[PDB]
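Beneath this line is the structure, given in structure tokens, with notes to follow.
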Amino acid sequence: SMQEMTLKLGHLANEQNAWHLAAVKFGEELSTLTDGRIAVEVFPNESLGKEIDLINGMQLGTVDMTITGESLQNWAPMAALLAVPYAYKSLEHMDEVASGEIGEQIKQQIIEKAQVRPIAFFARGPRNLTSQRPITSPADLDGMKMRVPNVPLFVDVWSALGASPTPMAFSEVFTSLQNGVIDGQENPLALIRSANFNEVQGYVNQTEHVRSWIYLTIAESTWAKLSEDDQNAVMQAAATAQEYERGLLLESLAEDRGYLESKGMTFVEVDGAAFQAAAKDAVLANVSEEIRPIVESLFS
Ligand SMILES: O=C(O)[C@@H](O)[C@H](O)[C@H](O)[C@@H](O)CO
């Protein structure tokens, strides 16, 4: 019948990735719940903009929604908790933190300081280091040029480990690897697959150095314009999408390694104790005083 608005939702994954399917599901549910009054247009592959630019757009009023997580720490320091290296043990552990009082504090700081509102969270598989030569311990890095996202803690940690990390938008990584500007990057297997990093990297080093969650978010200025009933619909759609996305994540854990191996990637076992010890030291040396007690608790 009537269509009152169309929310633009951007993310960095491709159309087979769990996040995309979840974003589509969110849109379907929200449309149903609002009798078509609120439509969602999904923009994959950073086609709406790079992550940092979408966050700025949400603040300025030009972007409605995105999938974003620890890059929010550039505005809300507590958001670094989404992705502390070696902190979270499992999906269940992360669900507890993200859904508990610590998670509520993180949510409120993101709203206040970044002017974006998390409405759902998606747990992720572990990040792994990819490279052109095997990397079995920190000693192997030897100044290796690598990409990290726009996440200050990741710059701190990877520098301390012995690499030379440069922050870059996700959609620029493939060409940067292809052109030899950087030699490696780090991400969960689902995103290595999504971005076809198998075409420009030889090795997946199983560092498993970060287990993290990420948020589906709506601009606080968009949220503010919605009626209470429509806010409720957004939350309900988001909850449905979250349950759906978890299933897709679990499916991907069964298949993504095999797929990447079929595309020629070699998986490398690492000296986990060495990586863990060195990374935890670097985290503690660089963590904001604001979240230090929580990190010390997680590391205990
Ligand atoms: O490497 C990336 O860019 C992605 O894994 C995510 O965007 C990253 O985890 C953070 O920027 C999420 O805010």
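Naming scheme: A, B, ... for chains in displayed order of the structure tokens; residues 1 onward per chain; ligands 1 onward as shown.
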Output the neighbourhood of ligand 1 as a PyMOL selection string, that is, all protein and nucleic acid residues with some atom at most 7 Å from the ligand, counting only C-alpha atoms and all ligand atoms.
-> chain A and resi 51+68-72+148-151+169-170+186-188+191+214
Test item: residues at most 8 Å from range 294-296 of chain A, only C-alpha atoms, excluding those fewer than 6 positions along its chain, as a compact mmCIF listing (two decimals) with N, CA, C and O atoms, in the first residue's frame:
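File out.txt, as written:
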```txt
# COMPACT_ATOMS: atom_id res chain seq x y z
N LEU A 81 35.90 -3.45 23.17
CA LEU A 81 35.58 -4.74 23.79
C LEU A 81 34.97 -5.77 22.85
O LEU A 81 34.94 -6.97 23.17
N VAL A 84 38.62 -7.84 21.44
CA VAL A 84 39.89 -7.89 22.14
C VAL A 84 40.59 -9.22 21.83
O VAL A 84 40.03 -10.30 22.03
N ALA A 87 40.49 -12.72 24.01
CA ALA A 87 39.63 -12.48 25.16
C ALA A 87 38.45 -13.45 25.26
O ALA A 87 38.12 -13.88 26.36
N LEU A 284 47.48 -5.40 26.98
CA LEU A 284 47.52 -4.78 28.30
C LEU A 284 48.31 -3.47 28.28
O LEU A 284 47.97 -2.53 29.02
```
Going by DSSP on the backbone, which bits of range 140-283 of chain A are strand (DSSP E or B)? Write them as a PyMOL selection string, please.
-> chain A and resi 145-148+164-167+184-188+203-210+213-219+266-268
Please identify all polymer residues within 12 Å of range 262-277 of chain A, counting only C-alpha atoms, omitting same-chain residues fewer than 5 positions from it, and present them as JSON, numbers by chain.
-> {"A": [84, 85, 86, 87, 128, 129, 130, 131, 132, 133, 134, 135, 136, 137, 138, 139, 140, 141, 157, 158, 160, 161, 162, 189, 192, 193, 196, 197, 198, 199, 200, 201, 202, 203, 204, 205, 206, 207, 208, 209, 210, 255, 256, 257, 282, 283, 284, 299]}
Contact residues around range 17-29 of chain A with only C-alpha atoms at 6 Å, ignoring same-chain residues under 3 positions, as a PDB file with N, CA and C atoms, in the first residue's frame:
```pdb
ATOM      1  N   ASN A  14      29.856  -9.786   0.542  1.00  0.00           N
ATOM      2  CA  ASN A  14      29.196 -10.082  -0.716  1.00  0.00           C
ATOM      3  C   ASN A  14      27.844 -10.755  -0.509  1.00  0.00           C
ATOM      4  N   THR A  32       7.075  -6.688   6.312  1.00  0.00           N
ATOM      5  CA  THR A  32       5.893  -7.387   6.789  1.00  0.00           C
ATOM      6  C   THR A  32       5.288  -6.723   8.038  1.00  0.00           C
ATOM      7  N   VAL A  40      13.572  -1.557   3.086  1.00  0.00           N
ATOM      8  CA  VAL A  40      15.009  -1.519   3.301  1.00  0.00           C
ATOM      9  C   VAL A  40      15.691  -1.840   1.983  1.00  0.00           C
ATOM     10  N   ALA A 237      12.226  -7.202  13.946  1.00  0.00           N
ATOM     11  CA  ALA A 237      12.840  -7.628  12.690  1.00  0.00           C
ATOM     12  C   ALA A 237      14.299  -7.952  12.936  1.00  0.00           C
ATOM     13  N   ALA A 238      14.955  -7.130  13.738  1.00  0.00           N
ATOM     14  CA  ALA A 238      16.371  -7.329  14.015  1.00  0.00           C
ATOM     15  C   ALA A 238      16.602  -8.607  14.795  1.00  0.00           C
ATOM     16  N   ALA A 241      16.229 -11.479  12.409  1.00  0.00           N
ATOM     17  CA  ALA A 241      17.420 -11.535  11.573  1.00  0.00           C
ATOM     18  C   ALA A 241      18.613 -12.094  12.312  1.00  0.00           C
ATOM     19  N   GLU A 245      20.750 -15.302  11.253  1.00  0.00           N
ATOM     20  CA  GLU A 245      22.170 -15.108  10.946  1.00  0.00           C
ATOM     21  C   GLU A 245      23.039 -16.092  11.717  1.00  0.00           C
ATOM     22  N   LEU A 248      23.301 -19.283   9.902  1.00  0.00           N
ATOM     23  CA  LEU A 248      24.129 -19.156   8.712  1.00  0.00           C
ATOM     24  C   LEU A 248      25.606 -19.149   9.095  1.00  0.00           C
TER      25      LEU A 248
END
```
Can you list, as a ChimeraX atom specification, all residues belonging to range 143-218 of chain A that DSSP tags as helix (DSSP H, G or I)?
-> /A:152-161,170-178,189-194,197-199
Save out the residues we just selected, C-alpha atoms, as a JSON list (two decimals), in the first residue's frame.
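This went into selection.json:
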```
[["chain", "number", "residue", "atom", "x", "y", "z"],
["A", 152, "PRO", "CA", 43.58, 1.46, 16.84],
["A", 153, "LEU", "CA", 43.92, -1.56, 19.13],
["A", 154, "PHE", "CA", 44.71, -3.77, 16.11],
["A", 155, "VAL", "CA", 47.40, -1.35, 14.93],
["A", 156, "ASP", "CA", 48.87, -1.45, 18.45],
["A", 157, "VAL", "CA", 48.84, -5.22, 18.71],
["A", 158, "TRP", "CA", 50.17, -6.10, 15.28],
["A", 159, "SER", "CA", 52.93, -3.50, 15.52],
["A", 160, "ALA", "CA", 53.96, -4.92, 18.90],
["A", 161, "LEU", "CA", 53.98, -8.44, 17.42],
["A", 170, "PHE", "CA", 38.04, -3.37, 3.51],
["A", 171, "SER", "CA", 37.12, -2.86, -0.15],
["A", 172, "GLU", "CA", 40.64, -1.62, -0.93],
["A", 173, "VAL", "CA", 42.45, -4.69, 0.44],
["A", 174, "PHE", "CA", 42.21, -6.99, -2.59],
["A", 175, "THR", "CA", 43.92, -4.61, -5.03],
["A", 176, "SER", "CA", 46.49, -3.63, -2.40],
["A", 177, "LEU", "CA", 47.48, -7.29, -2.00],
["A", 178, "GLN", "CA", 47.45, -7.86, -5.76],
["A", 189, "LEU", "CA", 37.32, -17.14, 7.02],
["A", 190, "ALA", "CA", 33.90, -15.88, 5.91],
["A", 191, "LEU", "CA", 35.38, -12.56, 4.81],
["A", 192, "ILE", "CA", 38.48, -14.12, 3.26],
["A", 193, "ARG", "CA", 35.97, -16.04, 1.14],
["A", 194, "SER", "CA", 33.69, -13.04, 0.56],
["A", 197, "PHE", "CA", 41.49, -13.18, -0.90],
["A", 198, "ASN", "CA", 42.37, -16.70, -2.04],
["A", 199, "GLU", "CA", 43.29, -15.13, -5.39]]
```
Any idea what's packed within 9 Å of residue 48 in chain A, counting only C-alpha atoms, ignoring anything in its chain fewer than 6 positions away? Could you give it as a short mmCIF file (atom, residue, chain, number, x, y, z; two decimals) with N, CA and C atoms, in the first residue's frame?
```
data_model
loop_
_atom_site.label_atom_id
_atom_site.label_comp_id
_atom_site.auth_asym_id
_atom_site.auth_seq_id
_atom_site.Cartn_x
_atom_site.Cartn_y
_atom_site.Cartn_z
N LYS A 8 18.40 2.88 3.89
CA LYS A 8 19.57 2.34 3.20
C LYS A 8 20.52 1.69 4.20
N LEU A 9 20.84 0.44 3.93
CA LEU A 9 21.70 -0.37 4.80
C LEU A 9 22.93 -0.81 4.02
N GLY A 10 24.12 -0.38 4.44
CA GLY A 10 25.35 -0.77 3.76
C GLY A 10 26.19 -1.75 4.57
N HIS A 11 26.88 -2.65 3.89
CA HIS A 11 27.84 -3.49 4.55
C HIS A 11 28.91 -3.92 3.56
N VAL A 42 19.40 -2.89 0.55
CA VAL A 42 20.68 -3.38 1.06
C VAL A 42 21.76 -3.16 0.01
N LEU A 54 30.36 5.54 6.17
CA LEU A 54 28.97 5.27 6.54
C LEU A 54 28.71 5.72 7.98
N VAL A 63 22.89 8.34 5.85
CA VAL A 63 22.91 6.88 5.80
C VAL A 63 22.06 6.39 6.96
#
```
Compare A:233, A:94, A:55, A:182 by their minimum atom-to-atom distance to residue 38 in chain A, counting only C-alpha atoms, and give me the closest one.
->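 So, comparing all the options, the nearest one is A:233.
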